[PDB]
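In what follows, a single structure is set out as structure tokens and then discussed.
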Ligand SMILES: *[C@@H]1O[C@H](CO)[C@@H](O[C@@H]2O[C@H](CO)[C@@H](O)[C@H](O)[C@H]2NC(C)=O)[C@H](O)[C@H]1NC(C)=O
Ligand SMILES: *[C@@H]1O[C@H](CO)[C@@H](O)[C@H](O)[C@H]1NC(C)=O
Ligand SMILES: *[C@@H]1O[C@H](CO)[C@@H](O)[C@H](O)[C@H]1NC(C)=O
Ligand SMILES: *[C@@H]1O[C@H](CO)[C@@H](O)[C@H](O)[C@H]1NC(C)=O
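Residue numbers (our numbering), protein chains in the order written: chain A, 1 to 112; chain B, 1001 to 1140; chain C, 2001 to 2123; chain D, 3001 to 3124; chain E, 4001 to 4126; chain F, 5001 to 5452; chain G, 6001 to 6451; chain H, 7001 to 7450.
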């Protein structure tokens, strides 16, 4: 099983909604229908943090600006009204099939 | 929050073995899955090893087979990693962390006159608070 | 001289095969049925021997009781009874008065002659 | 005319229903096991009685008056005042203990000796 | 006297313990012992019943000794009646007469019983 | 005068003994519909009119509690129950932990905390597939695992099985006949006590029909007392012995479940179908039972008048609530309609008697899983029955316990108890005994055998 | 002078009745080898000398379809079957799923899709370990889950099988009456399904009986004496099956051309599983063999007999089966320890009118057996190695008459009678059981002598 | 004047036949406790007077090695044991793998490695839960799969144990011939197994016999009357076992020197299971002691008896067995509710030429495959405490090695793994016949013409 993230990085205009994409070689759906995908944003200079888990609901304390979608193999993470404290690196994880892996990552940065 | 302690930075010769330590306050290792993650400056993230919170299941990255081992003290209050066959390219930062998993049954034969046949599947839930980490560099 | 040879003969001539007829009167599901059939035959034979002992003609293939019977049951002469009709057809003709016959033979003769035998033995 | 009707009768009056009592003397489930046991017990007891009858030579007879005298210490009643007014089992409770002695005497003292006498008579 | 006391006696002294010999002629619950006992009782009652029905067929039923009229062929045995009676036990006597038994039974029924039935039928013809 | 003892055969003889009973049913009338556990697969048909024979000049002792037919038929019914449940389905996979919530929809206020809806991890018919199954349960069958998740009561104990819903539990009037060479005696006394001779004696070859009713305090749809209310016990002095009661006149018992129950079907394995309670339609109403009150004290007045014969005629007689213990004797139970009922007889006996508008109700409880008999090595689950059930039943007796520690022969009180159904079968069969008839007999006479 | 009745005992009397029967085997010749289902490897044998006794001057009324010996023997055969199957192991665990792929290469172009290669992820004899087995399966025995497949009978009662050394081939089984009972049989050359028999005979015990299982054609039955015989409860009624019997044998041959092998499979301790191994050589469909001119002559005789009870100008037809479950659509027999299914429409494609040498039948194999009409039992046959070859006789037919046929013309028949009670009645049509009453009375000139 | 053959009834006749016998126990002595495996709950009590008479001038031929009551008896023990086992629990769930460790508690150096700590995940009162509980096992009943072990007999028939309230102690069994049959015995104390017996006598019921369970030496039954005696079907063929019967007993002690602790577990509903708990105190090997003087002098008696049928001045040797299946390899017996296995090699290191105690180790096993059958098996329940056993040895079953030369230097080894020998060593006195009370003979009888 292989996983891809796109784009590698993207310029951002502050205060404008944006989306991110992660793709994998096989469907993430479980025999019970469960999806095993969690998005993580890592600030440079510190550790990543959970944003949305299992493709359905944001983590506790996450602002409503985040939103995730997709099913099976393709999944997306859309953030509304992106601002300066959103510049960083975004990762999609793997939780359905051993070994657990992570996507290549997407970098959000303010356009300049 | 649970406090995490790791060994200090070390300088080691190539082609030798390196030992490291970790500690969690309150013996949270019993309730949280043990993990070990390396990262090099300017490159992506890679997981090396893990040890279940019960201490019953372990796994290693296939790139690290035959060079690493899983150890913990009595009561699992601490954990110790031994790293072997290290060269200059293995110089990176090594991290001790806890996590969460899913223990779910996959297959089962219900047995009328005995215990059911059962196989379990361990699936990660989330990776919990990290330690401060340890930096290991390899040089002459 | 085989078994049931008299079936082709008249009821008069059937009298010569009575001993031949009497000769053959005597955990797996097959074993269960074997036990059940053997016992069932045993109680059958004991039932018939009970009746014979109650009539007092036990141990003899033939018994000459002194009881006359109403001929209204079959108004035919014994010559044509024995020389023409088979024993089966005689039984078919006489099938229904059987229980009355059993009762009158059991009571009107046996206990009275037993009581008179006791009276004679008194003297 | 019903079964066991002689209970309300004396010994003399009980003498007409003997055959009536004798008529029904013998006439994977645990249930079936129970009926098998009942049948075999009934037949073994009936054969007990019949082999006793064969030993005593009274087989096939409801009454069998013997040549055996009895010592009078056992009962203090005489024949008329026994027969005409009293019940078979008041008599049987009176007699119930000497039954083994009746067994032994009525068998050995008479039956075997009489058989020997029949053999002697048939000898000539 | 004790059972099987006539085994040591001749055919003379054996004639007085015949009744003693005949005295014992017939005598969960899923246990194997109980099953065996049921089977054994069934076998014993069957053998006994066969014995007395055979005796009734021969017509000497109810008699511990019977006095028949059957003739026979003299080639079967080799001794006089007195020596037969005194010098030998019923056991080796049967051993001497152990092959003519079926012929003897067949004669005992067919030559006597049914013919005397015919004769008593002729008597009843009156 | 040298009389000789002479043989007689066929004389009637009575001698107490024990043999195996013979089943009997009136022409196998149960065949009209299938199927019944008590009628079983088969029993011997019988003549509708057994010949009753009343015996003149004959008196005979009849002793209760010394009879052995009672425990023989006790064994017969326990064996029948086990055999009937034998071909049915084991239910062990059903007692994994249960996730439950309180049912509060269309339920009466007093009915809260009784009906419960639970879900659990039970597989499908297929080997590798699991299904989520929910049903409505009663609290009386479930216990907490910790101080929430819940589990039923009986997976400490022996395995659990289901009653096959294709055979009914309704009782069938059963006849009994003696083996060959035996007969059954009937005491014709109208006021017969428990022990001693019976001045008027009769006999039967087969007995009347007896309903194998299971009840714990109240004799239900049995026989009536022919003249007056009847009290029996082994020894009145001994308070450890139970007190039989037999009513001269019966009053009916009405018992229904007002709730319209529904049922669903679940699969376990190959040929394994399970039945469970579905949602209930209508307002949940507690099961009740109503009986007239005026008849009730009139009957207690008769009972107390009979009671005062065996005590001081100026004491005080009071009745009360059961002393406690397990529910099977603490409350009253009955099977009406094919399912069991647990009703509070506490207020039934609330009265006190001194020297010299019409019907009352009783709340009732319902139980599915039952430890039938006193047995602890087996258990069963009653199948749910849809619709609305109804039972109409007489009352034919009471079963009582007398308090100890009484002094000066005054202030006697009584309580129900003694769940031994052997008492019920005594109170049914207590008119009959089994006796062996010996045809043999040897008596003196003037007959001397004819000379050889 | 007035006659008195007297007592007779031992007189001959037969009455209609019913009683349980016994085993009787051909001198227990099979005792040299183990094991056969029908004889339990042991029952009471018989002497070779039962003496048939003709009953001169005697006629007897017989009746089939109401005599109960057939039904008692049917329930006895069911009891023998499930008794022989009780001691041997069950097959509960195989109701798992199945991943499957088609059997390829070294195949006939006509078999494509018949055989399926499926594998298992089942556990071992040791309860904590998992393994992987594969086996060969017929297409008819398996049903798709929704490629993946599942066994057809796992939503019904469980299937049991083990224990392969036991044999299924018939042994002649006799039935001797209990004491006080005898056997009567009808001597005439031709006999209806009911009616008096002018000449009758009695025997102590019956002749050899085969319990063989046949669906649409009678096998190994005794030959008809003079001509093709037709029987039924009532010819007019169309809910009753018709009987057909042959005076002359019609020989069939059946063989399984594939060289098959068997594997040993372990699932539970003390439990041996056998499944069909990889077939050696090219796959070829099994077939049967019957002559052409013979089949013509038999059907000509059949229609000639059919002409008797109907209008002589009526047009006779036979046809394709009507459909439904395979147990009545096809023809089935177990010869060679294997159940064969195939389709007699090729043999009933014909039509008669007033006034090279063989035919081939495509035939099928089923490994799952819902024997009889039961739903609570099942069995999986053991794969038999090598090539099986069967020789057999055909002596009878069972047909049904279609509805309509208005105005007394154009009569048609189709195969039917899928109840083997018809097979056993078609065998036992000769024997009846009667009740003996040794007691009796009669008048006589005799009066009891005084004292 | 010519004779006339005439029927007689009551005639005593004997003739070889076979039926099934009557169970008989001494006055129902076992009814006091519930219940012996063999006696169960029900049989006919014995006659308080087992009357015996000597036959007057009668001799009879007996043919042992041809008796069928021995095989009937063997089948009867089989049926009784299976009947006892049937209403008990199955131990198939124990076939899961066991991890095992070598733990000793002040063990002796000759006992090291025989008892193991083994445990398994087991089941609970609920199918959802599992729990790990340890137990102790002998080295015999396990096996390494490739440490971790499994039960030795899981690749064969299932293992079944329950119902500990049954008693393993034998009781003598009488046997009575059915109606119409009889039992005949030989009085001659030097009588062979076969040949005519000059002094014969009849009995209604044969004397009570214990179902003794042993393999190498006969135990705790009847004694030879006046000297030791030896029997064999043919003294030539080596395939036949050699029976030896002693005239004087040999007292035996055997013991297990340690108390035992038992714990119970509930594998399922109604499925309580008993296992061996931890044993306190020093671990010492179970063994047996027996006087040396009786052993060697009784062996001298046996050699004196054995020299009769050879041409004397022939060397006689006994030796260590050749090995094989453990049942025939070691001396096995049950006492105190536990099965034993003993190495009788040290008892026979001596040869014989013309003209105060001994010890021996033993062994304990808990999974026993009864007789030679492999389709059934049982687990013995642990017996609490120290087992103390006293017994008499009444005989020995022997085998003769083939080969050698000049009919000299005869060697012998124990053998005969068929317990048929155990039963026949006492059944060889008795024999059954059929009685036909009817008989015929000539006479002067002419029935009175009527
Ligand atoms: C194996 O053979 C079967 C037929 O025996 C093929 O089944 C077909 O599957 C397709 C797709 O599902 C259907 O449209 C057809 O109707 C099926 N045929 C029949 C006769 O049912 C199957 O495709 C074959 N598989 C391979 C890999 O060749
Ligand atoms: C029954 O017996 C008791 C005590 O023996 C006695 O008090 C009572 O009066 C008796 N009743 C009858 C009706 O005989
Ligand atoms: C019922 O008992 C008497 C009737 O005699 C009556 O006086 C009494 O009041 C009634 N019971 C109650 C509780 O009112
Ligand atoms: C009490 O008086 C009643 C009259 O109603 C009488 O029957 C009874 O014997 C008396 N009992 C006592 C103890 O006085």
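Quick reminder that beta carbons are idealized off the backbone N, C-alpha and C, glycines included.
- Query: Counting only beta-carbon atoms, is residue 6150 (chain G) nearer than 8 Å to chain B?
  - Reply: no
- Query: Does the distance from the CB of residue 6159 (chain G) to the CB of residue 6371 (chain G) come in under 8 Å?
  - Reply: no
- What are the start and end residues of the alpha helix (DSSP H) that includes residue 5069 (chain F)? 5069-5085
- Message: Between residue 2110 (chain C) and chain D, is the shortest Cβ-Cβ distance under 8 Å, so that the two count as touching?
- Response: yes
- Can you list the residues of chain G that residue 1117 (chain B) reaches, using a CB-CB cut of under 7 Å? 6123, 6127
- Message: Tell me the DSSP secondary structure of residue 1037 (chain B) in three-state form.
- Response: strand
- Using the rule of at least 16 other Cβ atoms within 10 Å of the residue's Cβ for burial, across every protein chain shown, is residue 5054 (chain F) buried or exposed? exposed
- Opening and closing residue of the beta strand (DSSP E) in which residue 7252 (chain H) lies: 7242-7256
- Item | Terminal residues of the alpha helix (DSSP H) in which residue 5306 (chain F) lies | In the DSSP annotation of this structure, the continuous segment of the alpha helix (DSSP H) that includes residue 5306 (chain F) starts and ends at 5294-5307.
- Task: Let me know the secondary structure DSSP gives residue 1018 (chain B) once reduced to three states.
- Result: strand
- Take residue 7092 (chain H) and list the residues in its own chain whose beta-carbon comes closer than 8 Å to its own, dropping the five residues that flank it on each side. 7158, 7159
- Message: Can you check whether the C-beta of residue 6087 (chain G) is within less than 8 Å of a C-beta belonging to chain B?
- Response: no
- Just checking my contact of residue 7389 (chain H) with residue 7342 (chain H) at CB under 8 Å: how many whole Å lie between their CB atoms? Not quite, the Cβ-Cβ distance comes to about 12 Å (not below 8 Å), so this is no contact.
- Under the three-state reduction of DSSP, which class applies to residue 2037 (chain C): helix, strand or coil? Looking at residue 2037 (chain C) - three-state DSSP - the assignment turns out to be helix.
- Item | Environment of residue 53 (chain A) [buried if 16+ CB atoms lie within 10 Å] | buried
- Task: Starting from the C-beta of residue 1024 (chain B), find all residues in its chain whose C-beta is less than 6 Å away, skip the five residues before and the five after it, and write them out in chain order.
- Result: 1002, 1004
- Message: Run the Cβ filter for me: residues under 6 Å from any heavy atom of ligand 4, listed in the order they occur in the chain.
- Response: F:5312, F:5313
- Item | C-alpha distance - residue 6106 (chain G) paired with residue 6113 (chain G), whole-angstrom precision | 13 Å
- Task: Taking residue 6368 (chain G) as the reference, give the member of G:6361, G:6360, G:6381, G:6357 with the closest Cα.
- Result: G:6381
- Which residues does DSSP pair with residue 7387 (chain H) in a beta bridge? H:7256
- Which residues, taken in chain order from the stretch 5270-5286 of chain F, show a beta carbon closer than 8 Å to some beta carbon of chain G? For the stretch 5270-5286 of chain F, which is checked against every Cβ of chain G, the residues closer than 8 Å are 5270, 5271.
- Own chain, CB closer than 6 Å to residue 1094 (chain B), minus 5 neighbours either side, in chain order: 1038, 1134, 1136
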